[PDB]
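Peer 1:
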Amino acid sequence: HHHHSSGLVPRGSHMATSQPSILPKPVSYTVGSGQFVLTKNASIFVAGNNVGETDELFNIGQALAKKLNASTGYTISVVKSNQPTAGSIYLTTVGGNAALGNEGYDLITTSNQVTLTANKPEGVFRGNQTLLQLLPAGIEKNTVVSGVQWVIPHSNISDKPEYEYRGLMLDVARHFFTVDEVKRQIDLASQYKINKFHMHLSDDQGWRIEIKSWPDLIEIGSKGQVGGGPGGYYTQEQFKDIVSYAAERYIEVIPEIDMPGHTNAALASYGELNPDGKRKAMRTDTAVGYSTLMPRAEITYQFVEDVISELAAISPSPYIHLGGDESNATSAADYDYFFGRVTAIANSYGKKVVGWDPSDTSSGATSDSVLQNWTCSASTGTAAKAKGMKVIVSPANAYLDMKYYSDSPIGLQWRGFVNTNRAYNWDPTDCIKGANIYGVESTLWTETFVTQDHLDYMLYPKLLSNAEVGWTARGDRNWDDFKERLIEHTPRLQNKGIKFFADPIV
Ligand SMILES: CC(=O)N[C@@H]1[C@@H](O)[C@@H](O)[C@@H](CO)O[C@H]1O
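Below, the structure is given as structure tokens:
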């Protein structure tokens, strides 16, 4: 047998009775004869195992109706009833197939009815992302589309994720993005079954979360960014609003306050956090590794506790991310000590700790701690594995801030180039052997990204590749297949208003 790898498409990128475009690829998908037609008289019916579950499904139904109404121009409403009428969409958790887990679902479309059967409301929400992809391109428009018959082929889908953790990180410290901009990225990612959003809220160039007991973190530490723009910050109310928005999409928000390194913005806000008692100058360059909290000063741990206390109060995720990357101004002994102490503080506030490697090596880590493995070397996470810690993988292939190509107008290249193909052609088991792999996280660092258009360009289509790696089983993943599916999907990216890169490899 003969095999080959993909080159660039001759003559440029392709991204430059019915055809559904399901991404990530579902466990199974078959189509039969006939079609369902969505008309102006359609209702969404919802039915759970009890009234409280029905009420939760009702909210999900209303979210679905909102999306359908925006493009069809209909006014589809939601009904609490297990007696759907011909032409209805029916969302139910009664009789879910338990083997599909919390996020799985069956989605069966007949001529008369669309029925989505799940174990839990979360699974109905994920299934709804598939439903939107079975309708014609045009359905994902934010304004009314005319001349398109709203049909769904008679079809049968069963589905469930391979990995529990499928995440996106946005760096809002290097360049600030508004609550609206962040909500938009959360919303877009949710449509591809991303279920975790990690916010990198502080770094050397900015501090982005209001801490009432240390007001100058905002008054001074939020006032810049990379390149000397004005920066910005989230009030605690705005952070809660982001969390609530994500919650409606069954997305967990994990806030990160990076320590002991990547801390210049804090050090520039409060002089007492520095050995000489003087505030650092703010930094607007892109250097890393130079900053450190004082590992042996009690003021450091009072500061960390106040931050953790306020953040824990407003962040319902059982996890807090305490960073731990590139502490090059911190000795190994001090790092080990520091990270163990802050893990004890977090645990006292009822939060488990996520940290970048090498944080798993801290003797104060517990088996409830989580390692975010970005280095992905042979020895990374040796400690985590020995300790029974869950591992989230973020290899070069998930570093979505990497240039697509040598000539990309934005992005970094310290992990080489990451085009859509590279973002696809890997498996979490490649990154670490012998570990409890919790899942994948796509990291969008923002040293070189200033506008929403820059975010869009780097995340799309790259994130789509990463999202399939998290959801779809390795045995069902194939670049030649995904590539062709991605071409088919392109008009939907257009319709959503995403300023994607038309990758020449697609
Ligand atoms: C864990 C991690 O990625 N740390 C830093 C991050 O702050 C950013 O600079 C990024 C750019 O790709 O790479 C690393 O230098």
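Residue numbers -16 to -1, 13 to 502, in the entry's author numbering, belong to the letters of the sequence shown in order.
Heads up, the beta-carbon is just placed ideally off N, CA and C, and yes, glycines get one too.
1. Provide the residue span of the beta strand (DSSP E) that contains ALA114, from first to last.
2. Could you pull out every residue in the same chain whose Cβ sits closer than 8 angstroms to the Cβ of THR425, ignoring the five residues on either side in sequence?
3. State the Cα-Cα distance for the pair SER327 and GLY48, rounded to the nearest angstrom.
4. What's the call for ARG245, buried or exposed, on a 16-neighbour Cβ count within 10 Å?
5. With H, G and I counted as helix, E and B as strand and the rest as coil, what does DSSP make of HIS(-15)?
6. Comparing C-alpha positions only, which one of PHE235, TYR188, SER186, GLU177 sits nearest to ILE205?
7. Taking 8 angstroms as the cut-off, decide whether the C-beta atoms of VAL389 and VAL436 are in contact.
8. In terms of DSSP beta bridges, what is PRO149 paired with?
9. If you reduce the DSSP assignment to three classes, tell me which class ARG292 lands in.
10. If I measure Cβ to Cβ from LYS492 and keep anything under 6 angstroms in the same chain, skipping five residues before and after, which residues do I get?
11. Spatial neighbours of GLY227 within its chain, please: C-beta separation below 6 angstroms, excluding the five flanking residues on both sides.
12. Compute the minimum distance between the beta carbon of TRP203 and the heavy atoms of ligand 1, and state whether it is under 7 angstroms.
13. Which term fits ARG292, buried or exposed, when burial requires 16 or more other beta carbons within 10 angstroms of its beta carbon?
14. Can you grab the Cα-Cα spacing for the pair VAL23 / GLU464, in whole Å?
15. If we require 4 or more residues per run, which alpha helix (DSSP H) segments fall completely within the segment 394 to 475?
16. Any chance the segment 371 to 381 sits against the segment 332 to 350, with 3 or more Cβ pairs inside 8 angstroms?
17. Pick out whichever of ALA38, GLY57, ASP51 has its Cα sitting closest to the Cα of residue 10.
18. Determine contact between the segment 144 to 160 and the segment 85 to 98, defined as no fewer than three beta-carbon pairs at a distance below 8 angstroms.
19. How many Å lie between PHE41 and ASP51 at the Cα?
20. Given that a residue counts as buried once 16 or more other Cβ atoms are within 10 Å of its Cβ, and exposed if not, what is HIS194?
21. Could you compute how far the alpha carbon of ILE148 sits from the alpha carbon of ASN45?
22. For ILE310, collect the residues of the same chain with a Cβ closer than 7 angstroms to its Cβ; drop the 5 residues on either side in sequence, then sort them by chain order.
23. Can you list, in chain order, the stretches of the beta strand (DSSP E) that have 3 or more residues and sit fully within the segment 197 to 262?
Peer 2: The answer reads as follows:
1. As a position in the sequence shown, residue 114 is number 118, starting the count at 1. 109 to 114 is the extent of the beta strand (DSSP E) around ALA114.
2. Against the sequence shown, residue 425 aligns to sequence position 429. Within the same chain, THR425 has close Cβ partners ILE433, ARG470.
3. One-based indexing of the sequence shown puts residue 327 at position 331. One-based indexing of the sequence shown puts residue 48 at position 52. Their backbone Cα atoms lie some 53 angstroms apart in a straight line.
4. Residue numbering aside, residue 245 sits at position 249 when the sequence shown is read from its first letter. Flag for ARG245 reads buried.
5. On the sequence shown, residue -15 is found 2 positions in, with the first residue counted as 1. Here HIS(-15) sits in coil by DSSP.
6. One-based indexing of the sequence shown puts residue 205 at position 209. Residue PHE235 is the option with its Cα nearest to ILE205.
7. By 1-based counting over the sequence shown, the position of residue 389 is 393. By 1-based counting over the sequence shown, the position of residue 436 is 440. The answer is yes: Cβ separation under 8 angstroms.
8. Stepping through the sequence shown from its first residue, residue 149 is reached at position 153. Bridge partners of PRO149: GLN31.
9. Here the question's residue 292 lines up with position 296 in the sequence shown. Three-state DSSP puts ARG292 in coil, outside helix and strand.
10. The count along the sequence shown starts at 1 and reaches residue 492 at position 496. Excluding sequence neighbours, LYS492 sits near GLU136.
11. Position 231 of the sequence shown, counted from the first residue, corresponds to residue 227. So the list reads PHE172, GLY202, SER218, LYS219, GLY220, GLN221, once near-sequence residues are dropped.
12. Here residue 203 corresponds to residue number 207 of the sequence shown, with the count starting at 1. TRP203 Cβ: outside cutoff for every heavy atom of ligand 1.
13. Along the sequence shown, one-based indexing puts residue 292 at 296. Under this definition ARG292 is an exposed residue.
14. Residue mapping note: residue 23 aligns to position 27 of the sequence shown, counting from 1. Residue mapping note: residue 464 aligns to position 468 of the sequence shown, counting from 1. Approximately 11 angstroms, taken between the alpha carbons.
15. 416 to 420, 424 to 427, 448 to 455, 458 to 467
16. no
17. Between -1 and 13 the numbering of the chain has a gap, and residue 10 falls inside it, with no coordinates.
18. yes
19. Stepping through the sequence shown from its first residue, residue 41 is reached at position 45. Stepping through the sequence shown from its first residue, residue 51 is reached at position 55. If you take the alpha carbons of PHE41 and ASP51, they lie about 12 angstroms apart.
20. Reading the sequence shown from its first residue, position 198 is the one you call residue 194. Counting Cβ neighbours within 10 Å, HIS194 comes out buried, since at least 16 surround it.
21. Residue mapping note: residue 148 aligns to position 152 of the sequence shown, counting from 1. Residue mapping note: residue 45 aligns to position 49 of the sequence shown, counting from 1. The straight-line gap from Cα to Cα measures roughly 27 angstroms.
22. The sequence position of residue 310 within the sequence shown is 314, counting from 1. Excluding sequence neighbours, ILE310 sits near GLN232, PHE235, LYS236.
23. 248 to 252
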